[PDB]
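Asker: Here is the sequence, then the experimental structure:
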Amino acid sequence: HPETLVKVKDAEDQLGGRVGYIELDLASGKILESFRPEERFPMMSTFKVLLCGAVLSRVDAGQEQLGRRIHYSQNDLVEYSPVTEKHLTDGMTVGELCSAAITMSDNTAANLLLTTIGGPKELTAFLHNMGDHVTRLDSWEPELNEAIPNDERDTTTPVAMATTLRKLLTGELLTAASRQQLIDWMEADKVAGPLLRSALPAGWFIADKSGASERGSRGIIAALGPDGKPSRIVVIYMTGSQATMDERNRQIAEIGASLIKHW
Ligand SMILES: [Ca+2]
């Protein structure tokens, strides 16, 4: 198994475009290794974790309740809404919407949640307000993913995303209950099987969120580690290529095999 940085560089050689990577120690926050750490990449659906961090932060501030039920209508439904499209009559709670956004990548759920906070500009404000002056959300779904043509809109860097994710999952920017809730949602991801999960040994813990565009881009953010406990944050982004989805997925899975085999 190639060394992880060797493998990242090889992935980029085979795919074209750029591959960005970072691995942080969860406890300490130290950067363990990286490639293109400060370069921008489209977030795609990886932003949905950040969105639910902002929602949880409002819960912690007494401004939102996870049990608050949101009714919506057919005209709110956008592409790739596998959970929300099934709840037109009953609606969904805020907590259900975060579960759908994170675990199923549901786009209408993400839009509804963005509305709760006032839109993409307000998510960017949340990020700024937690010390992430890099990451930006500009668009709603489905414009955001299924292709962000490479502007700086809707981008992050590997290090900004990793850093921000660690600040949401550890420390005290969220309460203990909210930090746990966020990681629970990510552990329950159902749509990232072909990625890091494909390389994960029995007994490990992973909490993740993936992203994709039709053409060009892919990504994943994760907290993972052996023995049931996450101990590192890994962020991988891909953009700018003409590679197939199967090729993007395989290269992420192969990067994952390297980082597990060298753990
Ligand atoms: Ca290169």
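Answerer: Arrived safely, thanks for sending. Numbering: from 1, shown residues only.

Asker: Grab the nearest non-local neighbour of the most centrally placed residue in the chain.
Answerer: What sits nearest the mean C-alpha location of the chain, by Cα atoms, centre = their mean, is residue 46, with 2.5 Å. Of all residues not flanking residue 46 in the chain, residue 211 sits nearest, at 4.4 Å (Cβ to Cβ, 6 or more residues apart in numbering). Yep, even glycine has a C-beta here, placed from its N, CA and C like the rest.

Asker: Can you name every helix or strand that the helix or strand containing that neighbour contacts?
Answerer: Counting by DSSP states H and E, the element that carries residue 211 is strand 205-212. Strand 205-212 sits against helix 47-60, helix 176-187, strand 218-225, with contacts defined as 3 or more Cβ pairs under 8 Å, 6 or more residues apart in numbering; DSSP states H and E.

Asker: Okay, angle between the longest helix anywhere in the chain and strand 218-225 too, please.
Answerer: In the chain, with assignment by DSSP state H, the single longest helix is helix 245-261. Orientation of helix 245-261 against strand 218-225 (axes from the mean of the first three to the mean of the last three Cα atoms, to 10 degrees) gives an angle of 20 degrees.

Asker: Give the buried residues for helix 245-261.
Answerer: Across helix 245-261, burial judged by 16 or more other Cβ atoms under 10 Å covers 247-260.

Asker: From the rest of the structure, what touches that helix?
Answerer: Where contact means Cβ atoms under 8 Å, 6 or more residues apart in numbering, the residues beyond helix 245-261 that reach it are 1-4, 6-8, 11, 14-15, 19, 21, 23, 194-196, 198-201, 212, 217-218, 220, 234, 236, 238, 241, 243.

Asker: ditto for stretch 122-133
Answerer: Outside stretch 122-133, the residues that reach it (Cβ under 8 Å, 6+ apart) are 47, 50-51, 53-54, 57, 114, 117, 135-138, 160, 163-164, 167, 173.

Asker: Would you mark the buried spots in that stretch?
Answerer: Quick answer for stretch 122-133 (16+ other Cβ under 10 Å): 122, 123, 124, 126, 127, 130, 132.

Asker: Please report the distance of residue 139 from residue 147.
Answerer: For residue 139, the distance to residue 147 equals 11 Å [Cβ to Cβ, to the nearest Å].

Asker: Ignore what I typed, I meant residue 91.
Answerer: 30 Å.

Asker: I'd like to know how many residues surround residue 197.
Answerer: 18 (other Cβ atoms under 10 Å).

Asker: Doesn't it belong to a strand?
Answerer: No: counting by DSSP: H, G, I helix; E, B strand; the rest coil, residue 197 falls outside a strand, being helix.

Asker: Give me the spatial nearest neighbour of it, chain neighbours excluded.
Answerer: Closest to residue 197 by Cβ to Cβ, 6+ apart is residue 206, at 6.2 Å.
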